[PDB]
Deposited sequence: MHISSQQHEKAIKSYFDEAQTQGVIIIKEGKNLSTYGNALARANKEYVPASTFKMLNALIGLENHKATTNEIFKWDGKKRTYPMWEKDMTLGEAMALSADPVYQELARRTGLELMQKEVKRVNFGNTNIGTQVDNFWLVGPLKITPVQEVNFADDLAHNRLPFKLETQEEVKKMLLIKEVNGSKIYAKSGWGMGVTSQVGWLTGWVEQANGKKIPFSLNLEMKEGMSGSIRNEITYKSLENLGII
């Protein structure tokens, strides 16, 4: 890689242009944030976290003894938006499937009051979870910079939760293994006032133990497959030589 920064920026901008979306992908190396993509001003704008919030819901539920990691959440038998959710599952399984009913149940066990306190204590986003404990991941919003930093915190065990709570949640987030590098992350897709947001927020753990946090953020459009979030992310990390 004698590749110019101009060429990196152009290549990653083109992965967003080809998907016909507007988005950004923030990469963090040590303390330095780099911003890539075809809509850089997204970096400090606020969007609903949607399902990226499952990472924090899990940390809170575990820290506070609302569940354990091997506990099986039974499917209640009612029809689900997706068949894959019609099954009994652990928090970790529900993370990978982004299964809402499980994370909703966990949120209800935690309850609105404790969820409020705990979201303030962690200072996640704008920190407002409103009056509904299972529908809030509006008015809670967060920026892509704030997401990559949250990812940075979790990857290095700096959030204010016990170490073992943080390691337990990190084990849930492994979504890919590419050439001795592991990718931990959580996806999101939220409907906002007039637009949809897509997220993929996590970190690359390299063979040598180095951790590189990232947050992809983009506009989802009718018709898009969700796996475009992953594909843009993996191409970008690869172009940068990070995986």
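Mapping the modelled residues onto the deposited sequence reveals one missing stretch, at 138-139.
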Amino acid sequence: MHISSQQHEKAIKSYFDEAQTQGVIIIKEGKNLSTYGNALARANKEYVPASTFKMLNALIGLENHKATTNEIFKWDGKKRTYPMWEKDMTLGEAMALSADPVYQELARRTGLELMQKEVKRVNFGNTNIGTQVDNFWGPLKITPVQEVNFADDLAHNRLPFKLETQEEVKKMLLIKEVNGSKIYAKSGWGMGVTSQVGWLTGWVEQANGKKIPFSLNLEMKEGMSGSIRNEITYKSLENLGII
From here on, numbers count along this sequence of modelled residues.
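Between 205-213 and 40-48, the higher mean Cα B-factor belongs to 205-213. As the entry records it, the average C-alpha temperature factor is higher for 123-131, out of 157-165 and 123-131.
Note on the listed residues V145, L106, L112, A151: the highest Cα temperature factor in the record is that of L112. Out of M55, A67, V178, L200, it is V178 whose C-alpha atom has the highest B-factor in the PDB entry. When the CA B factors of the chain's modelled residues are split into thirds, the value for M84 lands in the highest one. Among the modelled residues of the chain, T35 sits in the lowest third by CA temperature factor in this PDB entry.
Placement of the Cα temperature factor of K10 within the chain: middle third of the modelled residues, per the deposited record. The PDB entry assigns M224 a C-alpha temperature factor belonging to the highest third of its chain's modelled residues.
Ranked within its chain, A96 lands in the middle third, by CA B factor from the PDB record.
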